[PDB]
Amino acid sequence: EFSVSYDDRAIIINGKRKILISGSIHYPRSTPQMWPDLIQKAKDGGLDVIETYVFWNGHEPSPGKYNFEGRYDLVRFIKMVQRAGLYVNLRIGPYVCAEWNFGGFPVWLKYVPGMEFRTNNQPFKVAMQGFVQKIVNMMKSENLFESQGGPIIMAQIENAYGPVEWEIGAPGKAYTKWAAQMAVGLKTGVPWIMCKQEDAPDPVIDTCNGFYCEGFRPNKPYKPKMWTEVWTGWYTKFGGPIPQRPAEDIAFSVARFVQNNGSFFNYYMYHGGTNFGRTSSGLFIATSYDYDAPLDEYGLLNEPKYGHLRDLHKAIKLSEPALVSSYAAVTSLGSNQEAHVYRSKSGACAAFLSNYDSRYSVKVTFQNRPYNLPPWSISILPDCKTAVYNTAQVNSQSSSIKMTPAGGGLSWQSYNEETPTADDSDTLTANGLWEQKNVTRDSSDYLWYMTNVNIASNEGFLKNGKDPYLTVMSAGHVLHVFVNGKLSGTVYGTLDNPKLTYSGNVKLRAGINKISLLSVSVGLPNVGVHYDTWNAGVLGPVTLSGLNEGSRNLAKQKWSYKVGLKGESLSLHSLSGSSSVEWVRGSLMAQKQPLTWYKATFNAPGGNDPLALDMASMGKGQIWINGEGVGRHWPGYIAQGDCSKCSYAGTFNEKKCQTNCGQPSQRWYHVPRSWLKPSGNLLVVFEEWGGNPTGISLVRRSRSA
């Protein structure tokens, strides 16, 4: 009764070939209350398919122990897409990349004996197989594959493994063949895909990802041409600018794919949303995952992009009957101009008129009619006669963002975190430096590295006014050097160069001195060959120079360790644990002091406009609302980059249209309205660096013209 197949031309759904317009919405990057609205906006946006990864590390935070509640109710999500009458592309992975913590892998999986990620490895294959089968059976049980009458029209195994293969060699090739075969073996009833996988074995369709995919061809003539990730922008990193991609360029890129036998394209992202909590964003990925998506982080329409693409879709639909019953024939129109014509025997005809010149308009003559093609544009003629649309002629009104403060400054109470000093009587120690992930298992961003340094009272520097020199090399990502109780410096890295060295004169005194290093990870790496093996934390070298002896290798002494903060162990973020301790009030409020907790109670504003926290007054830390993790803040990290003004025309790259340079990387932090009660809301902020909580203001988001 229902089926999904495919031929050289398209995916065939229930016996009908389709030109499928898709967009990505990641279920855990918004709330269940937001989903129907997001999905409805997608539908009105002209999307046929919603595409999502599955996030293993969210769904299995402990072997055998699963989570499918709240924003992680995968089944609830898929069912809401079905209710909107849209299809689903379930990209199961379970390596997913996605700028997501560890690429989606549960951290515990690293520490399974014999384990090795994304290669021909028995522990890996068992774990991977097990979870993929769990997800497929969960879907099948509720008849959620299209074959069974459900919305899922295809699924992805792995993610962009192709590049990784080339470096890993034969074991990669064997893993690829295994992953494809095992996926197909789960008998979903619908096609399987792998992205960036030139060697995908039948019957798996290999797809394309990027800014443009118009030249791409699947690895067999009898597979449709599909573009699984049309990048709508780029991620925002802490330390980085807000990257935009011009709607006119996207529409061009899409038109250019479709005109050339493309039959499936998917905006990555259609709704980017938010990296909530502390196990969502990957290495240095900002809380905001806006991606300059057609639906902004807050779920509002990103005009004009949203509309311009709605118009594109409308035009593709007018062309569809012709598109699906012919093949693209190319007629040269000029030096740098083409016609792509889909003429069926039924008489139905659709034409695409292109101008690849990035500088000049060209007048072109097609079937006796003149067409002005703006630079870097395509005109779509659904009947081969009248241009209903052109990729550079944007007929939606633009929109910009306003954040209107609402409520005011709340009453704050503080709670100072202690700066721990090692001693003779510690619990968890070793004669060397341990890698952070290994020690913390990612239970917290924080690991204290602690040691004693003995200074003999005859030391040269003691006789004079001098201070010895301390070098702390760390694999990243932030490091606070504490000497004899006091903060001595803070060094921090970038996505590209997460490595750190602190280098400074430290005032030591005769006898036993206390060094305490606060090592902080900001998400776990999520992309790269052997990215799981990359280190975090202070693995040194660590030297103390300017002594009677030459330098002293402090990696070679006894170290002690404290995982996490005490506020974490006390859950000062939840309502129960917060009022199980006692906080400072009034005048004696923690002002610009590191490692501080702050707490306040507020009423939800009225209105139906999305809400954020203005955290400009703050440094770096985490935010909770009624015990639910809003995410990490890091307004302290100023955006660095090249932010020239750009035009839509010409080959786009992620750095072309960057904005907000010399401003806080992310100032506003999304708060889902579904997280609020009318009154008595608990706002907890751990401040890592130092900030003034008073000026923390709640804000209301609208989009003007």
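The numbering used is simple: start at 1 and walk along the sequence shown.
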**Message:** I need to verify one thing: averaged over C-alpha atoms only, is the B-factor higher for 127 to 135 or for 424 to 432?
**Reply:** 424 to 432
**Asked** Comparing 93 to 101 with 562 to 570, which has the greater mean CA B-factor as deposited?
**Response** 562 to 570
**Asked** Out of 273, 171, 382, 460, which one has a C-alpha B factor higher than all the others in the entry?
**Response** 460
**Fill in**
Highest CA B factor of 288, 440, 344, 253, as deposited, is found at 344
**Prompt:** With respect to C-alpha B-factor, does residue 418 fall in the lowest, middle or highest third of the chain as deposited?
**Reply:** highest
**Fill in**
By the entry's values, the third containing the CA B factor of residue 34 is the middle
**Message:** Considering every modelled residue of the chain and its Cα B-factor in the PDB entry, is residue 282 in the lowest, middle or highest third?
**Reply:** lowest
**Asked** Lowest, middle or highest third: where is residue 575 by C-alpha B factor in its chain?
**Response** highest
**Request:** Classify residue 534 as lowest, middle or highest third according to the C-alpha B-factor given in the PDB entry, relative to its own chain.
**Result:** middle
